[PDB]
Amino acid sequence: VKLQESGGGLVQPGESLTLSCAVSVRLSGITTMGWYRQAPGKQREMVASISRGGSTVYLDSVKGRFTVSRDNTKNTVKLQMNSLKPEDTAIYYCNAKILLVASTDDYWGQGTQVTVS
């Protein structure tokens, strides 16, 4: 299973960005898709996840600003990022969890840089 993120870049505070993640297998075969971000020297944090039934989990500081969604037609996952702030600068990763009988599989994209300056 392979994931590839896109849509990052450099923007000013208050602007918006849309990240997207391409998935090489059927998206409903992925139990949870989670967006993670990593800033240098900081602890990684889970920004927004979405189960295949649609249950979401959000980092408190992005609630009301970021929205994660699944597009089963295009087989992509999206992170809509509004009202971006300097605190949001980080590399953003998509993480696919696959629940199996005996274990949970774990896959990651390579990430995309988001810089708010």
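The numbering used is simple: start at 1 and walk along the sequence shown.
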| item | value |
| --- | --- |
| Of 93-101 and 13-21, the stretch whose C-alpha atoms average the higher B-factor in the entry | 13-21 |
| Higher-B stretch (mean Cα B-factor, as the entry records it), 29-37 or 81-89 | 81-89 |
| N72 - Cα temperature factor, lowest/middle/highest third of chain | highest |
| CA B-factor placement of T56, once the chain's modelled residues are sorted into thirds | lowest |
